[PDB]
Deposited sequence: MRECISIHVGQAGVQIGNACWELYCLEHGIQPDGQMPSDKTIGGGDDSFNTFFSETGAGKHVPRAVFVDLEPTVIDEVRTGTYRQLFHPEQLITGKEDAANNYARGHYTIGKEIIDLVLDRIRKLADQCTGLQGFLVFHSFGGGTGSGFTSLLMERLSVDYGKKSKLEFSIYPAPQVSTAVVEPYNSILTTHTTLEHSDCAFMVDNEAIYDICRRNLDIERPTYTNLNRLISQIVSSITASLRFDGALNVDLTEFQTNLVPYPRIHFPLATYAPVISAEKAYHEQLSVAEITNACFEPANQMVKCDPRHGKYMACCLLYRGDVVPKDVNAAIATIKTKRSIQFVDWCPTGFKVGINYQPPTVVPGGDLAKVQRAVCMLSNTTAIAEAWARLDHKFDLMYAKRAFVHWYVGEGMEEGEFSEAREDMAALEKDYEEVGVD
C-alpha cells in the first residue's frame, strides 16, 4: 500500500479540499455517507469498523466559519471531528501572525492529528499540502508545518498545491508579502509544488465556460479536475506517477527548481480528438500559471491522458507538433515526453458548469518560463517594501524586519537559478 495524507491549511486549502474530496468520491463511487458498493483508492481513503471510507485528510482553519462548512456540508459524514482543527481568531491576512503567533499555539496539536493518520499507514509515501500563498494562515502556518514535517518525517515526500495570488479575487493588499515569505521558508522543505494562478483559472472560467464573474466554487471546480488528473494514477492502478517519489523523478531535475507548470484540456461549458487536446497543451491560454514558455526551456515534460485515449493517436499527435513547433529543452536533458494513459474516464460534478468529456489530458512540464510568475510577485513585493509599507503589522507579531529582506534575497537567487539553467 502507498498511503498519502492530504493537509488543507487556510480557507483556500480547505475549500479546494472540499472540491477534490467530493470529486474523488464521484470517481471512486463513495457516497456522501461514506458507503461504497481496483483497490488503489485506499491510498487516499481509510476504512472504519462500520464499513465507512474516510479521507486521509486533516483540515486546519482557525476561523470556525470555513470548517463549519465541512462539519455541515454534503459530505460531512466522511470526516471525523479529530480531522478538523479550528480556533477563534484567524491570521488576519498576516503571515507573521499565522506562522509565529498562531503557529506556536497550534503546531503540536496539528502534528498530533497528522500522527494519528500516519499511524494508520503501512507505507506512507508523504503529504499533499493545499494552501494559499496570500492568506495569513495559508502562508504562515503552512511554512511552519512544512518545517516540522521535514523534522518528523525526514524521508517522506511533500507535494504542494499552492494558490498563487490574483487581484481579481484578492483578500488582502499584503498578499505579495505573505507569498514571498512562505516561498522562502518552504523552499528547502518541498519536493514538488504545483502552483495554481487564480488569475489563470479566472481567465479560463470566463473564456471557456462563459462565466462573467467566476466564484470560488467556479475556480475550485476547475482546480479539482487538475488535482484529480495529477493524483489519478495514485488513486487507481496507473502506470505513470504511481508514487510521490516518481513526481520529482519525472519532473524535478534540480531541487530548488521544483515548480512544474500544469496545462489542462479540454474545458467545455455544460468530442475533441486526441490531436486537438494535445495541441491545446501547448497554448498558454490553458496554463494554470500565466507565463510564456517561449521565454524558457523545458527540463521535463509529462502528458497525463485520461479516458478514451489510444497510444497510436498520442504518438501521431506528438509527431504533428514536433514538425510545426519548436520546443526547446535545456541542453543537458533529452527532448521528449513521458506519456501516461489512465483509462478511468474524466468525471465532473453533476450539475456543475464543466461538461463531461470523453477524453482529457493534463501536461505537467518544468519550464524556466514559470520564473516570470516569481518576477511579477517579486516586483509587487519590492514596490511596498521600499517604503516599508505595512511592515509594522509583521514586526508587531514578533517577526524581525530582516526576515523580509532575507526572504527577498532567496527569491532573487531563485530567479537567478532559473536564469542559469535556461541559458
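Comparing the deposited sequence with the modelled residues, the stretches lacking C-alpha coordinates are 38-45, 279-284, 438.
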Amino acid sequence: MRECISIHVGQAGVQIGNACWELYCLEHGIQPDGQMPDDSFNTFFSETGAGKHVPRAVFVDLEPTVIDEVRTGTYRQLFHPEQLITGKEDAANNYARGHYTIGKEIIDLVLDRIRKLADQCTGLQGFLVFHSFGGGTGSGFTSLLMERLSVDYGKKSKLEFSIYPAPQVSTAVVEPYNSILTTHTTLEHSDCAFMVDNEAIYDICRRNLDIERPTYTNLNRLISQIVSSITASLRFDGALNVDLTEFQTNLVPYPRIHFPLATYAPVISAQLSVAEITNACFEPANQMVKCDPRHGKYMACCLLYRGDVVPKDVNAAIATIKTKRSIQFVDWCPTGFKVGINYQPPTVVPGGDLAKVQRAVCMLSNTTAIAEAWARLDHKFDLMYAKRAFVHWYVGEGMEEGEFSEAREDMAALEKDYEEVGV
From here on, numbers count along this sequence of modelled residues.
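Stretches 8-16 and 401-409 differ in mean CA B factor, with 401-409 having the higher one. With 60-68 and 387-395 compared on mean CA B-factor from the PDB entry, the stretch scoring higher is 60-68. Highest C-alpha temperature factor among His258, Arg113, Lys155, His184, as the PDB entry reports it: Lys155. Between the residues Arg306, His189, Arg97, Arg221, it is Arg306 that shows the highest Cα B-factor in the PDB record. Among all modelled residues in its chain, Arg213 ranks in the highest third by Cα B-factor. Among the modelled residues of its chain, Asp243 has a C-alpha B-factor that falls in the middle third, as given in the PDB entry. The deposited CA B-factor of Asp90 belongs to the middle third of values across its chain. In the PDB entry, a CA B factor belonging to the lowest third of its chain's modelled residues is recorded for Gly135.
In the deposited entry, the Cα temperature factor of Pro165 sits in the bottom third of values across the chain's modelled residues.
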